[PDB]
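Take a look at this single chain, the form deposited in one PDB entry, given in structure tokens.
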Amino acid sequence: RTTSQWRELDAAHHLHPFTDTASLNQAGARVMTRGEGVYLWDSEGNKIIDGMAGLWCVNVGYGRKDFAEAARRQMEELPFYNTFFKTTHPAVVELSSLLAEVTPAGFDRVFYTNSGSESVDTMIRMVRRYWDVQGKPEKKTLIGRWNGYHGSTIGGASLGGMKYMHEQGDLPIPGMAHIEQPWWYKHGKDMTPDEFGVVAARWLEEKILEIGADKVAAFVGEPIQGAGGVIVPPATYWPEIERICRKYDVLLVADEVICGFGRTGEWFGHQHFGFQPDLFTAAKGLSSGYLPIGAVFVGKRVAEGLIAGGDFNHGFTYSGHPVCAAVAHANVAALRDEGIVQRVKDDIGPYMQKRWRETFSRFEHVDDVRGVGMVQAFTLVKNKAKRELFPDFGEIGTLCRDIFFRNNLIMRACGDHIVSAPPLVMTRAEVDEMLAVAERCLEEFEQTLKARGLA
């Protein structure tokens, strides 16, 4: 089909996630047709650099014919069987075993889902069930943060701190609370980032004491906030969050849906920041987005509590789906065996971070240049010296993002933050290629900003 016709059929029959349906159907959808390595092509024939790896998830990049073969082979033998009827199958068994190999010690039990959002809902139910098993029925509140993102189920949307999501669904559901996010640029006042990390972590302590520790089940956080704009907390933050959770007997949960499977150069974001969660949620990079699968990695304390609780009345038809498991297995084994994660840690991550900071250092309206491993970002700001953001946060970021897309580069705006998370397998030449397009785009952005008299 042509561009115009695929656009016509999409506008007529498709409801997109997180989209203005009326305005999209007017402008027309951009039709992505094929991918190879770090590159995409659209229906018009534009070669595009995918500086977002699909949706933070295509970690091995596009073009894995071995993954298609793994999919074909498994679908031919057993395309589906359920894990509900005192039943299992070799693909789910073999994946579970492999995951145990690459996860830290103590994470041997895994619960499968189809998505990061289902993993979060599963985790919420696990956390609350755990406290019931302990005879503490009031210990049910989960604390997340403003501008955190934990998916799109009613449960995950409530635990998330996106107001725009809360306003649709009568959210949050009860037993949720939120603390401010560890965003130093906005909230740091005259503290050092490290002083600020302690302050921002102790917001959890003061929330717990406001609520009553006996009512708090868990604190949940993305090691680095992804959708909120790659907010990288100070080094002092996570160890203090962990101290506080242990002080008050509150479960500690990492949402690893973005940071997992090598994004920071460790296998998991929590390893980078050096905390030890009781559970963590995954998806995305688990299969590099090649098939839908998510998981909850359940540490020993909680797993023992759940196993002591008899039946766990939860799950999805497609939990442990054999074909998705086969592809995840192929993916995880590749991340290990081809040295992809190790390469982020030791080679391409430090290169990207260095180049990133070199690239964006000069611009008058770029600040808070940050990142680690293969996730990185900056913020477009009104005045650097005053740490002053643009009003209507998001307007300026959108203008910038539009310059990127027109220049065949995918980087995302989260408010006025610009973020990137390319395939981990990106080469040095491809990093420089990407950064070259980005830099030219920021030159144009700075020129347009002065021209608008938005100076």
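One rule holds for the numbers: they count along the sequence shown, beginning at 1. Rigid core: the largest C-alpha set superposing within 1.5 Å between the two forms.
Figure legend: residue 379 is marked as modelled in all of the other comparable entries of the protein, none of which omit it, let alone a third.
Residue 190, modelled here, also has coordinates in every other compared entry of this protein that models residues flanking it, well short of the third needed to call it frequently missing. The mean C-alpha temperature factor is higher for 59 to 67 when 417 to 425 and 59 to 67 are set side by side.
The stretch with the higher mean CA B factor, choosing between 119 to 127 and 359 to 367, is 359 to 367. Looking only at 29, 389, 53, 49, the residue with the top Cα B factor in the deposited structure is 29.
Among the modelled residues of its chain, residue 139 has a C-alpha B-factor that falls in the lowest third, as given in the PDB entry. Residue 299: CA B factor lies in the middle third for its chain, per the PDB record. For residue 202, the recorded CA B-factor ranks within the lowest third of the chain. Only modelled residues enter the ranking. Residue 221 sits in the lowest third of its chain by CA B factor, as recorded in the PDB entry. Residue-level temperature factors show residue 83 in the highest third of its chain, judged at the C-alpha atom.
Below, we refer to the form deposited in another entry, which is not included among the displayed structures.
Aligning the rigid core between the shown form and the other one and inspecting 103, 83, 114, 74, the C-alpha positions shift by 2 Å or more at one residue, which is 83. The Cα position of residue 408 differs by less than 2 Å between the shown form and the other one after fitting on the rigid core. Once both forms are fitted on their rigid core, the CA atom of residue 388 lies less than 2 Å apart between the shown form and the other one. After superposing the rigid core, the Cα of residue 36 is displaced by less than 2 Å between the shown form and the other one.
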